[PDB]
């Protein structure tokens, strides 16, 4: 599929939303974290957070699709409870009430984000990704699974 991928941690299958769970041993270079799910018809926004611990005060990468103002997606980092400068991509690659595949690839200098197998946005690491030991997902959606795979 381009490349041979191997599980790095067992999948979370049908996780309950809102979901907070471990990324075991922390994010690693070449890790692909894939979310397969569906947005609800009543969704306005949803969030995937890659964060350090359960509390949400330190979020290395906040990925936040907003079905507002035509549809756009916000990427940001939170440090000690403070949001940094937002990066917005003025495009909405998700459709309300429709299935989606969302994949985050950890590279040395950036995250690469694919939506429905197509590249969507990159995000430069502002803090070391290996400090990320938690994924948190919220919003009006369900998930079939989250997988963790490496080359």
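Positions refer to the first chain, counted from 1.
On average the C-alpha atoms of 97-105 have higher B-factors than those of the other stretch, with 97-105 and 43-51 being the two compared. Per the deposited record, the Cα B-factor of residue 126 falls in the lowest third when ranked against the other modelled residues of its chain.
In this PDB entry, residue 66 carries a Cα temperature factor that places it within the lowest third of its chain's modelled residues. Split the chain's modelled residues into thirds by C-alpha temperature factor. Residue 143 is in the highest one.
When the modelled residues of the chain are ordered by their C-alpha B factor, residue 16 lands in the highest third. Residue 110: CA B factor lies in the middle third for its chain, per the PDB record.
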